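Undergrad: Below is my_file23.txt; it holds compact mmCIF, C-alpha atoms and all ligand atoms.
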```txt
# COMPACT_ATOMS: atom_id res chain seq x y z
CA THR A 1 39.93 13.15 293.92
CA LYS A 2 39.43 9.96 295.95
CA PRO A 3 41.64 8.89 298.87
CA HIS A 4 43.66 5.72 298.40
CA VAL A 5 43.12 2.97 300.98
CA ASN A 6 44.94 -0.36 301.22
CA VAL A 7 42.84 -3.44 302.04
CA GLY A 8 43.08 -7.20 301.68
CA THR A 9 41.24 -10.47 302.17
CA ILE A 10 42.53 -12.64 305.03
CA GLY A 11 41.32 -15.88 306.57
CA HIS A 12 41.56 -19.64 306.33
CA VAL A 13 42.14 -21.41 303.02
CA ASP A 14 39.07 -22.19 300.87
CA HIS A 15 36.79 -19.91 302.87
CA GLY A 16 36.28 -17.71 299.79
CA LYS A 17 38.83 -14.88 299.86
CA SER A 18 39.64 -15.05 296.15
CA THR A 19 35.97 -15.50 295.23
CA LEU A 20 34.99 -12.44 297.28
CA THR A 21 37.76 -10.44 295.59
CA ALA A 22 36.42 -11.34 292.14
CA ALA A 23 32.84 -10.51 293.17
CA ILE A 24 33.91 -7.04 294.32
CA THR A 25 35.58 -6.17 291.01
CA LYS A 26 32.63 -7.59 289.04
CA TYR A 27 30.03 -5.65 291.04
CA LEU A 28 31.99 -2.41 290.66
CA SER A 29 32.73 -2.99 286.96
CA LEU A 30 28.99 -2.77 286.30
CA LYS A 31 29.15 0.85 287.49
CA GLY A 32 32.33 1.56 285.52
CA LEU A 33 34.22 1.77 288.81
CA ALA A 34 36.59 -1.20 288.40
CA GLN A 35 38.20 -3.56 285.96
CA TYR A 36 36.47 -6.92 286.35
CA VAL A 37 39.08 -9.53 287.24
CA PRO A 38 37.65 -13.08 287.05
CA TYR A 39 38.21 -15.61 289.81
CA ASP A 40 40.69 -17.69 287.79
CA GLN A 41 43.03 -14.72 287.36
CA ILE A 42 42.81 -13.73 291.03
CA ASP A 43 43.36 -17.30 292.22
CA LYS A 44 46.50 -17.85 290.08
CA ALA A 45 48.42 -15.09 291.82
CA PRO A 46 51.75 -13.91 290.36
CA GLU A 47 55.03 -13.79 292.26
CA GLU A 48 56.80 -10.77 293.70
CA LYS A 49 59.91 -10.32 295.82
CA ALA A 50 60.40 -8.61 299.19
CA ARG A 51 64.21 -8.51 299.11
CA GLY A 52 65.09 -12.20 298.87
CA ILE A 53 61.61 -13.45 299.81
CA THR A 54 59.17 -14.61 297.13
CA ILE A 55 55.48 -14.07 297.90
CA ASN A 56 52.51 -15.11 295.78
CA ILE A 57 50.08 -12.19 295.94
CA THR A 58 47.30 -10.78 293.75
CA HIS A 59 46.93 -6.99 293.51
CA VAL A 60 43.69 -5.54 292.16
CA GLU A 61 42.24 -2.05 292.36
CA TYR A 62 38.66 -0.81 292.48
CA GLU A 63 36.79 2.35 293.41
CA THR A 64 33.70 3.22 295.29
CA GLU A 65 32.23 6.64 294.56
CA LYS A 66 34.25 7.93 297.54
CA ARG A 67 37.45 5.87 297.64
CA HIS A 68 40.15 4.18 295.61
CA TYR A 69 41.02 0.78 297.10
CA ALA A 70 44.24 -1.17 296.55
CA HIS A 71 43.34 -4.77 297.37
CA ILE A 72 45.60 -7.77 298.04
CA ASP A 73 44.72 -11.46 298.05
CA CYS A 74 47.09 -14.39 298.52
CA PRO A 75 46.84 -18.12 297.75
CA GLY A 76 48.72 -19.67 300.64
CA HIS A 77 48.89 -19.21 304.39
CA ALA A 78 52.66 -18.78 304.05
CA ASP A 79 52.10 -15.87 301.64
CA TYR A 80 50.04 -14.02 304.25
CA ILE A 81 52.67 -14.62 306.93
CA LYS A 82 55.45 -13.29 304.72
CA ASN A 83 53.44 -10.40 303.28
CA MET A 84 52.15 -9.16 306.63
CA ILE A 85 55.47 -9.34 308.50
CA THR A 86 57.79 -8.12 305.73
CA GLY A 87 55.32 -5.34 304.91
CA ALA A 88 55.43 -6.06 301.17
CA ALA A 89 51.81 -4.86 300.76
CA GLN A 90 50.55 -3.14 303.92
CA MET A 91 46.90 -2.82 304.94
CA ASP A 92 44.81 0.00 306.36
CA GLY A 93 41.98 -2.49 306.88
CA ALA A 94 41.64 -6.25 306.64
CA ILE A 95 38.60 -8.11 305.33
CA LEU A 96 38.41 -11.29 307.42
CA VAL A 97 36.61 -13.96 305.38
CA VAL A 98 35.15 -16.77 307.49
CA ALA A 99 33.11 -19.53 305.87
CA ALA A 100 29.82 -20.08 307.68
CA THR A 101 30.02 -23.82 306.97
CA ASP A 102 33.12 -24.97 308.85
CA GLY A 103 33.43 -21.71 310.77
CA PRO A 104 36.65 -20.25 312.16
CA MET A 105 39.72 -22.46 311.64
CA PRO A 106 43.48 -22.25 312.52
CA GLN A 107 44.39 -19.68 309.86
CA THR A 108 41.35 -17.63 310.86
CA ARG A 109 42.90 -17.23 314.31
CA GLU A 110 46.46 -16.83 313.05
CA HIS A 111 45.63 -14.11 310.52
CA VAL A 112 43.81 -12.11 313.18
CA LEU A 113 46.85 -12.53 315.43
CA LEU A 114 49.18 -11.46 312.61
CA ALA A 115 46.99 -8.45 311.78
CA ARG A 116 47.21 -7.30 315.40
CA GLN A 117 50.95 -8.00 315.62
CA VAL A 118 51.76 -6.07 312.42
CA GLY A 119 49.46 -3.18 313.37
CA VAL A 120 46.54 -3.46 310.93
CA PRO A 121 44.30 -0.72 312.40
CA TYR A 122 40.82 -1.98 311.41
CA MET A 123 39.05 -5.27 310.76
CA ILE A 124 35.91 -6.02 308.76
CA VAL A 125 34.36 -9.50 308.81
CA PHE A 126 32.70 -11.18 305.83
CA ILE A 127 30.93 -14.42 306.77
CA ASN A 128 30.88 -16.34 303.50
CA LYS A 129 29.04 -19.36 302.08
CA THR A 130 25.74 -18.48 303.78
CA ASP A 131 24.04 -20.13 300.78
CA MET A 132 25.08 -23.44 302.39
CA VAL A 133 23.71 -22.87 305.91
CA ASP A 134 20.01 -23.56 306.49
CA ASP A 135 20.03 -22.94 310.27
CA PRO A 136 20.38 -19.14 310.66
CA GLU A 137 21.14 -19.45 314.38
CA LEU A 138 24.38 -21.21 313.41
CA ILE A 139 25.41 -18.26 311.24
CA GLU A 140 24.99 -16.13 314.37
CA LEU A 141 27.14 -18.65 316.25
CA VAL A 142 29.92 -18.12 313.71
CA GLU A 143 29.55 -14.34 313.97
CA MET A 144 29.69 -14.41 317.77
CA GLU A 145 32.81 -16.60 317.77
CA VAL A 146 34.55 -14.38 315.21
CA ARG A 147 33.67 -11.31 317.28
CA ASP A 148 35.16 -13.03 320.34
CA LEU A 149 38.25 -13.96 318.32
CA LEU A 150 38.77 -10.31 317.37
CA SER A 151 38.24 -9.18 320.96
CA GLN A 152 40.75 -11.80 322.12
CA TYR A 153 43.37 -10.00 319.99
CA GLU A 154 42.33 -6.51 321.21
CA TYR A 155 40.21 -5.57 318.22
CA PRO A 156 36.81 -4.04 319.12
CA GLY A 157 34.93 -7.22 318.25
CA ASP A 158 31.57 -5.79 319.28
CA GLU A 159 31.96 -2.80 316.95
CA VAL A 160 33.46 -4.25 313.75
CA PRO A 161 31.12 -4.59 310.75
CA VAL A 162 30.10 -8.18 310.08
CA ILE A 163 28.60 -8.78 306.63
CA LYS A 164 26.95 -12.11 305.81
CA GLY A 165 26.47 -13.36 302.28
CA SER A 166 27.61 -15.63 299.48
CA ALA A 167 30.57 -14.50 297.40
CA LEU A 168 29.81 -17.27 294.91
CA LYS A 169 26.19 -16.23 294.40
CA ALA A 170 27.32 -12.63 293.92
CA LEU A 171 29.80 -13.78 291.27
CA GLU A 172 27.11 -15.55 289.21
CA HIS A 173 21.56 -9.64 291.20
CA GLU A 174 20.02 -9.84 294.68
CA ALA A 175 23.27 -11.56 295.70
CA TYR A 176 25.10 -8.25 295.15
CA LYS A 177 23.75 -6.78 298.40
CA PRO A 178 26.46 -8.24 300.69
CA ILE A 179 29.07 -6.84 298.28
CA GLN A 180 27.48 -3.39 298.50
CA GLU A 181 27.14 -3.77 302.26
CA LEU A 182 30.82 -4.73 302.47
CA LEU A 183 31.94 -1.74 300.40
CA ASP A 184 29.81 0.62 302.50
CA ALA A 185 31.47 -0.78 305.62
CA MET A 186 34.88 -0.21 304.03
CA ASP A 187 33.88 3.36 303.12
CA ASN A 188 32.46 4.18 306.56
CA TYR A 189 34.35 2.06 309.12
CA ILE A 190 37.89 2.54 307.76
CA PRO A 191 38.80 6.23 308.14
CA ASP A 192 40.73 8.19 305.57
CA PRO A 193 44.41 7.35 306.18
CA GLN A 194 46.31 10.13 307.88
CA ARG A 195 49.09 11.00 305.45
CA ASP A 196 52.75 11.03 306.51
CA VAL A 197 53.09 14.84 306.56
CA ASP A 198 50.73 15.33 309.53
CA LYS A 199 52.48 12.56 311.45
CA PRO A 200 55.22 13.56 313.92
CA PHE A 201 58.48 14.38 312.17
CA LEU A 202 61.08 11.62 312.04
CA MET A 203 64.33 11.39 310.10
CA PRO A 204 66.94 8.66 310.64
CA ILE A 205 70.48 9.99 310.57
CA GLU A 206 72.61 8.45 307.81
CA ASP A 207 75.75 10.62 307.84
CA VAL A 208 77.27 13.29 310.07
CA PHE A 209 79.76 15.96 309.08
CA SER A 210 80.90 19.31 310.43
CA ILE A 211 80.93 22.68 308.67
CA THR A 212 83.70 24.59 310.42
CA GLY A 213 82.35 27.88 311.70
CA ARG A 214 78.71 26.86 311.25
CA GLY A 215 77.98 23.60 313.05
CA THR A 216 77.13 19.93 312.70
CA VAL A 217 75.06 18.67 309.75
CA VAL A 218 73.19 15.35 309.84
CA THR A 219 71.82 13.93 306.59
CA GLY A 220 68.98 11.48 306.08
CA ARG A 221 65.75 10.77 304.25
CA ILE A 222 62.73 12.10 306.12
CA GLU A 223 60.47 9.19 307.00
CA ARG A 224 57.39 11.18 308.04
CA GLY A 225 56.19 14.63 309.07
CA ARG A 226 57.79 17.96 308.23
CA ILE A 227 60.87 19.83 309.39
CA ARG A 228 61.27 23.60 309.05
CA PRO A 229 64.18 25.86 310.01
CA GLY A 230 63.71 26.87 313.63
CA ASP A 231 61.78 23.74 314.63
CA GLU A 232 62.75 21.98 317.84
CA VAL A 233 63.69 18.31 317.56
CA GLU A 234 65.14 15.60 319.77
CA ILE A 235 68.08 13.35 318.96
CA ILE A 236 66.90 9.88 320.01
CA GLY A 237 69.06 6.80 320.51
CA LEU A 238 72.47 5.72 321.76
CA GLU A 239 70.56 9.79 326.05
CA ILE A 240 67.92 12.18 324.71
CA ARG A 241 69.12 15.62 323.59
CA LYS A 242 67.12 18.62 322.39
CA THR A 243 68.20 20.98 319.62
CA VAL A 244 66.90 23.29 316.90
CA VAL A 245 67.28 22.60 313.19
CA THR A 246 68.85 25.85 311.98
CA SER A 247 68.71 24.96 308.29
CA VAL A 248 67.23 22.28 306.02
CA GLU A 249 69.18 21.79 302.80
CA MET A 250 68.49 19.59 299.77
CA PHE A 251 70.02 19.71 296.28
CA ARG A 252 72.18 22.74 297.24
CA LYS A 253 69.11 24.77 298.28
CA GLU A 254 67.77 25.79 301.67
CA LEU A 255 64.21 24.51 302.00
CA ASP A 256 61.29 26.22 303.64
CA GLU A 257 60.33 22.70 304.75
CA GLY A 258 61.42 19.12 304.20
CA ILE A 259 58.77 16.42 303.91
CA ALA A 260 58.67 12.62 303.84
CA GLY A 261 60.88 11.27 301.07
CA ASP A 262 63.26 14.25 301.02
CA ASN A 263 66.93 13.44 301.59
CA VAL A 264 67.98 16.55 303.50
CA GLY A 265 70.85 17.95 305.54
CA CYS A 266 69.92 19.41 308.93
CA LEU A 267 72.21 21.90 310.67
CA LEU A 268 71.81 21.16 314.38
CA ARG A 269 72.15 24.07 316.80
CA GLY A 270 74.85 23.59 319.43
CA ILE A 271 75.48 19.90 318.69
CA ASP A 272 79.10 18.76 318.80
CA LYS A 273 80.23 16.71 315.80
CA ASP A 274 81.28 13.81 318.06
CA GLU A 275 77.99 13.70 320.02
CA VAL A 276 75.62 12.75 317.18
CA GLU A 277 76.13 9.74 314.95
CA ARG A 278 74.61 7.53 312.29
CA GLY A 279 71.72 5.44 313.59
CA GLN A 280 70.26 8.09 315.86
CA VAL A 281 67.09 9.82 314.68
CA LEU A 282 65.78 13.35 314.63
CA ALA A 283 62.19 13.37 315.85
CA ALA A 284 59.50 15.75 316.99
CA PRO A 285 60.02 16.03 320.77
CA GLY A 286 58.37 13.26 322.76
CA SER A 287 57.14 11.42 319.65
CA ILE A 288 59.54 8.45 320.05
CA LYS A 289 61.79 7.22 322.85
CA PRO A 290 64.96 5.11 323.11
CA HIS A 291 64.70 1.46 324.09
CA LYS A 292 67.06 -1.44 324.68
CA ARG A 293 64.34 -4.07 325.13
CA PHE A 294 61.31 -4.70 322.96
CA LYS A 295 59.09 -7.48 321.65
CA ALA A 296 58.54 -8.15 317.97
CA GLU A 297 56.78 -10.66 315.75
CA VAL A 298 59.65 -12.24 313.82
CA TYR A 299 59.56 -14.44 310.72
CA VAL A 300 62.65 -16.63 310.29
CA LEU A 301 63.70 -16.68 306.64
CA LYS A 302 64.23 -19.96 304.82
CA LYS A 303 67.64 -20.75 303.36
CA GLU A 304 66.15 -20.41 299.86
CA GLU A 305 64.89 -16.91 300.77
CA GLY A 306 68.39 -15.79 301.77
CA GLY A 307 68.36 -17.04 305.37
CA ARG A 308 69.95 -19.99 307.14
CA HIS A 309 68.91 -23.52 308.03
CA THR A 310 69.58 -22.87 311.71
CA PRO A 311 66.60 -21.95 313.91
CA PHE A 312 66.41 -19.03 316.29
CA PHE A 313 67.06 -19.96 319.91
CA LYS A 314 67.33 -18.41 323.36
CA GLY A 315 70.59 -16.47 323.56
CA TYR A 316 71.06 -16.06 319.81
CA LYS A 317 72.87 -12.76 319.18
CA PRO A 318 72.35 -11.57 315.59
CA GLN A 319 72.48 -8.03 314.20
CA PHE A 320 69.32 -5.91 314.17
CA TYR A 321 69.06 -3.49 311.24
CA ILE A 322 66.93 -0.70 312.69
CA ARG A 323 66.63 2.05 310.07
CA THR A 324 70.15 3.31 309.30
CA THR A 325 72.15 1.27 311.83
CA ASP A 326 72.63 -2.34 312.88
CA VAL A 327 72.92 -3.22 316.56
CA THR A 328 73.71 -6.47 318.33
CA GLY A 329 70.79 -7.94 320.24
CA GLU A 330 69.97 -11.07 322.21
CA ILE A 331 66.92 -13.25 321.52
CA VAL A 332 64.54 -14.54 324.16
CA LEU A 333 61.66 -16.80 323.13
CA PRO A 334 58.18 -16.91 324.71
CA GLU A 335 57.23 -19.52 327.27
CA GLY A 336 57.11 -23.05 325.91
CA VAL A 337 59.02 -22.08 322.75
CA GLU A 338 62.54 -23.49 322.51
CA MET A 339 63.36 -22.82 318.86
CA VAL A 340 61.90 -21.10 315.81
CA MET A 341 62.62 -23.04 312.63
CA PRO A 342 63.00 -21.20 309.31
CA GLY A 343 59.59 -20.49 307.82
CA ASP A 344 57.99 -20.04 311.25
CA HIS A 345 57.12 -16.89 313.17
CA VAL A 346 56.84 -16.04 316.86
CA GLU A 347 56.87 -13.01 319.14
CA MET A 348 60.46 -12.71 320.39
CA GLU A 349 61.96 -10.58 323.15
CA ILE A 350 65.00 -8.63 322.00
CA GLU A 351 67.59 -6.82 324.12
CA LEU A 352 70.00 -4.61 322.20
CA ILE A 353 73.46 -3.75 323.52
CA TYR A 354 72.59 -0.03 323.51
CA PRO A 355 69.32 1.92 323.19
CA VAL A 356 67.96 2.92 319.79
CA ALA A 357 64.91 4.87 318.69
CA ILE A 358 62.19 2.26 318.22
CA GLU A 359 58.39 2.24 318.29
CA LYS A 360 55.40 -0.07 317.97
CA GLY A 361 54.71 -1.16 314.39
CA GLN A 362 58.22 -0.38 313.16
CA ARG A 363 59.74 -2.97 310.83
CA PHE A 364 63.33 -4.15 310.89
CA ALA A 365 65.65 -6.77 309.45
CA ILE A 366 67.76 -9.35 311.28
CA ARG A 367 71.09 -10.29 309.72
CA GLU A 368 73.74 -12.86 310.63
CA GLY A 369 77.03 -12.55 308.81
CA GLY A 370 75.97 -11.48 305.33
CA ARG A 371 72.62 -13.26 305.27
CA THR A 372 69.28 -11.74 306.22
CA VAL A 373 67.96 -14.33 308.68
CA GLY A 374 64.78 -12.66 309.98
CA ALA A 375 62.18 -9.96 309.46
CA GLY A 376 60.34 -8.42 312.38
CA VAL A 377 57.64 -5.94 313.35
CA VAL A 378 57.89 -4.30 316.77
CA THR A 379 54.88 -5.23 318.91
CA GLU A 380 55.90 -3.67 322.24
CA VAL A 381 58.64 -1.36 323.57
CA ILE A 382 59.95 -1.66 327.13
CA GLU A 383 60.77 1.39 329.24
CA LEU A 384 64.43 2.34 329.61
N1 LIG B 1 28.90 -22.70 298.24
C1 LIG B 1 29.77 -21.70 298.18
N2 LIG B 1 31.03 -21.91 297.78
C2 LIG B 1 31.91 -20.90 297.72
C3 LIG B 1 31.55 -19.66 298.07
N3 LIG B 1 32.61 -18.88 297.92
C4 LIG B 1 33.61 -19.62 297.45
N4 LIG B 1 33.21 -20.88 297.39
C5 LIG B 1 34.08 -21.99 296.88
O1 LIG B 1 35.41 -21.81 297.37
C6 LIG B 1 36.24 -22.93 296.85
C7 LIG B 1 37.32 -22.09 297.60
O2 LIG B 1 37.09 -20.67 297.81
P1 LIG B 1 38.27 -19.71 297.17
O3 LIG B 1 37.87 -18.30 296.92
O4 LIG B 1 38.95 -20.36 295.89
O5 LIG B 1 39.49 -19.87 298.21
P2 LIG B 1 40.15 -18.84 299.19
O6 LIG B 1 40.52 -17.55 298.54
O7 LIG B 1 41.46 -19.66 299.60
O8 LIG B 1 39.33 -18.69 300.56
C8 LIG B 1 35.53 -22.82 295.49
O9 LIG B 1 34.60 -23.90 295.30
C9 LIG B 1 34.87 -21.51 295.64
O10 LIG B 1 33.97 -21.32 294.55
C10 LIG B 1 30.30 -19.39 298.48
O11 LIG B 1 29.94 -18.26 298.80
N5 LIG B 1 29.37 -20.42 298.54
MG MG B 2 42.32 -17.70 297.40
```
The structure given in the file should be rewritten as structure tokens.
Ligand SMILES: Nc1nc2c(ncn2[C@@H]2O[C@H](COP(=O)(O)OP(=O)(O)O)[C@@H](O)[C@H]2O)c(=O)[nH]1
Ligand SMILES: [Mg+2]
TA:
Amino acid sequence: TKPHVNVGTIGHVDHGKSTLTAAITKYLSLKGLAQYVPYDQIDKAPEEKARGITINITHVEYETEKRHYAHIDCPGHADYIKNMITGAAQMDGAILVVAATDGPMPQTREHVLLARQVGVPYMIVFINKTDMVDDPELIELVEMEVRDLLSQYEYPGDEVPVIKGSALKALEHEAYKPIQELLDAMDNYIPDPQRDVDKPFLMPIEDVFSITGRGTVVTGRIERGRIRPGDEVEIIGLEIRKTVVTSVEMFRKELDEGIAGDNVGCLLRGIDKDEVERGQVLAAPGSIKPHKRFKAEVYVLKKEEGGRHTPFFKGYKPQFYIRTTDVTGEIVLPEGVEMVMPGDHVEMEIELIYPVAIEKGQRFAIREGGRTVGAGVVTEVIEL
């Protein structure tokens, strides 16, 4: 059975993302490896909802002989902003489409920035529209500039695969080679995703209660990794404490192990009922640390998406929903940024009133009153 990998086409509008997506499904349909989805159906993307946010996004699926790919493609720049920050459809690798004619453009830069900010681990470049460029040295110019763009945002720009071709020619036989070259790069450059159960154990604590004569139980849904009776864990958030999970219980049965997705109850050895609380996390020791201060790429929701008309500003103190708890925090904006209007995104500095377990790449909501006013992805954690 083939591993499932999430990918998507990013880049500036009209550079050929939707055309490349169609060409991939057509090329693979000829080998019985994909449903052919024509360009018109990919381009007219349907709507879907990430909580109150509506995003236009096309999902298609196709297989190489080795892999099953889940592929996303969006019409508008705003769709990519919302999809990448809210994590509606996450990506193991991004296919950066850059037209060789006009070359890299504002959304080329911004989508690379967003990919880095949201933690997309690998980039593959497809230089499109080469059928329109007669001077081959100018195609190399575009490649070099895209490589420098990736390096500017800490991607290994010298090492990423860069495929040149014409998505349109492929969509209309020798023009299939860039498609095959692209798929081989996806097969070889993007590694098989490590699955949640080999990741370090983490479970946010939802509820705490005491069994008299036995000890303190914390309940929560395991986010990643495994927990087994006898394992050592740390309680992170709000001074770090070590303990042993004596027992893992789910559906009135003691488990040999709890895995990601299991809502379990963990009996904590020697933990007083008043010293652990909702919002802390159980974690494999050393795998995550408490922080009061961190940076995060934050999208400010529009009023129509459930947010407010008011922008974010220096000193704004909303609530930060970090896993199972919400904590007051104070906003600081980067240099030269005085406000963030709804619909915009920026990297903000956040200082919570008390430390919580938080890590790079973690997503969180920002709420003010009853409205969700922002969505963020942690980009940096600051030492306590
Ligand atoms: N000449 C040429 N035109 C292309 C190529 N790929 C796409 N186009 C034209 O792209 C216009 C926009 O590209 P499209 O895929 O719809 O947009 P995108 O998904 O927003 O980048 C249409 O004319 C596409 O057919 C190509 O490889 N060569
Ligand atoms: Mg498109």
Undergrad: Which neighbours of segment 19-36 of chain A fall inside 8 Å, counting all atoms listed in the file, when residues of the same chain fewer than 4 positions from it are skipped, and could you give them as number ranges by chain?
TA: A: 9, 42, 61-65, 73, 167-168, 170-171, 176, 179
Undergrad: Which residues, written as a PyMOL selection string, have at least one atom at most 7 Å from residue 344 of chain A, with all atoms listed in the file counted and residues fewer than 3 positions away on the same chain left out?
TA: chain A and resi 299-300+340-341
Undergrad: Taking all atoms listed in the file into account, which of A:240, A:185, A:248, A:74 comes nearest ligand MG 2 (chain B)?
TA: A:74
Undergrad: Report as a PyMOL selection string which protein, DNA and RNA residues come within 6 Å of ligand MG 2 (chain B), using all atoms listed in the file.
TA: chain A and resi 17-18+43+74-75
Undergrad: Which residue out of A:221, A:129, A:323, A:302 has the minimum interatomic distance to ligand LIG 1 (chain B) when all atoms listed in the file are used?
TA: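 Of all the options, A:129 lies closest to ligand LIG 1 (chain B).
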Undergrad: Looking at all atoms listed in the file, which of A:100, A:123, A:132, A:245 is the one that sits closest to ligand LIG 1 (chain B)?
TA: A:132
Undergrad: Counting all atoms listed in the file, figure out which residue out of A:218, A:353, A:98, A:81 gets nearest to residue 117 of chain A.
TA: A:81
Undergrad: Please tell me which residues are no farther than 12 Å from (78.3, 7.6, 315.4) in the file, counting all atoms listed in the file, and write them as number ranges by chain.
TA: A: 205-209, 218, 237-238, 272-281, 324-326
Undergrad: Within 8 Å of (42.8, -1.0, 309.7), all atoms listed in the file: residues as a ChimeraX atom specification?
TA: /A:91-94,119-123,190
Undergrad: If I take atom CA of residue 147 of chain A and atom CA of residue 363 of chain A, how far is one from the other in Å, to one decimal?
TA: 28.1 Å
Undergrad: I'd like to know which of A:345, A:269, A:77, A:371 is closest to residue 242 of chain A, using all atoms listed in the file.
TA: A:269
Undergrad: Work out how far atom CA of residue 222 of chain A is from atom CA of residue 70 of chain A, in Å to one decimal.
TA: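 Distance between the two atoms: 24.7 Å.
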Undergrad: Report as a PyMOL selection string all protein, DNA and RNA residues lying within 9 Å of residue 113 of chain A, evaluated on only C-alpha atoms, omitting residues in the same chain fewer than 4 positions from it.
TA: chain A and resi 108-109+117-118+150+153
